[PDB]
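Next up is one chain by itself, shown in structure tokens, the form deposited without this ligand.
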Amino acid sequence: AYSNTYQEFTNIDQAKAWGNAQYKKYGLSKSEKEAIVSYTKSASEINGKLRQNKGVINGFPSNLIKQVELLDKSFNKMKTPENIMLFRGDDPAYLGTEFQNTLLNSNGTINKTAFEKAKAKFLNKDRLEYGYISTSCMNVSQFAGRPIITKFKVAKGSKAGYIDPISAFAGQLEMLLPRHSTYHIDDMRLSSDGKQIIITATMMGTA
């Protein structure tokens, strides 16, 4: 094959370390660090308004339009040295309103019929996310209960920032990604468990 290598953090301290060493070289304004901190205590509220009005902020309250602009700005400084793999956790409503109450049997195991409906609906296709993408350097335990697990592959030089410390209200080994990002679902298979779906997306960029 003609496949490229991505660094996957196999240990928490190794991630925490590489992580903090990237926080240094960013040099974020005081203004942004509070936009990122407010973003971690409101990630739900903001991304919701972002997926909604499909990227338009010229209707958002003043407070917001500014924060949104500040978050975007911050990414001019937060890129990644080399190719990396990030981990995200999602609930069924992520795949669609139809998988909401169809994806998992009351046994907790994944329904192989709904799984195929999804595999056909997304495999080898590009998805577009309107809000920001919170992720982790590893499959931390704040996912693991979540039925869907995406594994992003981010290319050298792409916007990605280790905001773990910048906000105390940032998840474990948290790594933010720019809004409006577009990735390509390259693989879907069930965990060697029975309950999950292990997606393998390939990021491309943000427009």
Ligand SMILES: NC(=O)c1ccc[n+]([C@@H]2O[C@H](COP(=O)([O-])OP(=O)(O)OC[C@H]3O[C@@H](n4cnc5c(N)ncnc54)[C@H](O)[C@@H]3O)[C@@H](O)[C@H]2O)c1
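Each residue number is its position in the shown sequence, starting from 1.
Just so it is clear, the following notes concern the form deposited with this ligand bound, a form of the same protein that is not shown.
Asks: Taking the pose of this ligand in the deposited bound form and superimposing the surrounding C-alphas onto this chain, would you call the site open or blocked (blocked if 3 or more ligand atoms come within 2.4 Å of backbone or C-beta atoms)?
Replies: This form leaves the site open.
Asks: So this ligand isn't shown here. In the deposited bound form, which residue out of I57, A43, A35, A155 has a non-hydrogen atom within 4.5 Å of it?
Replies: Flagged contact: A43.
Asks: Just checking whether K117 would be counted as a contact of this ligand in the deposited bound form - the rule being heavy atoms within 4.5 angstroms.
Replies: Looking in the deposited bound form, residue contacts with this ligand do not include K117, since no heavy atom lies within 4.5 Å.
Asks: I'd like to know whether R146 contacts this ligand in the deposited bound form, with contact meaning heavy atoms within 4.5 angstroms.
Replies: Close contact exists here: in the deposited bound form, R146 approaches this ligand to within 4.5 Å, heavy atoms only.
Asks: With heavy atoms only and a cut-off of 4.5 Å, decide whether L123 touches this ligand in the deposited bound form.
Replies: Heavy-atom contact with this ligand at 4.5 Å: absent for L123.
Asks: Should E129 be classed as touching this ligand in the deposited bound form when contacts are defined as heavy atoms within 4.5 Å?
Replies: Taking the distances in the deposited bound form, the answer for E129 is yes, it comes within 4.5 Å of this ligand.
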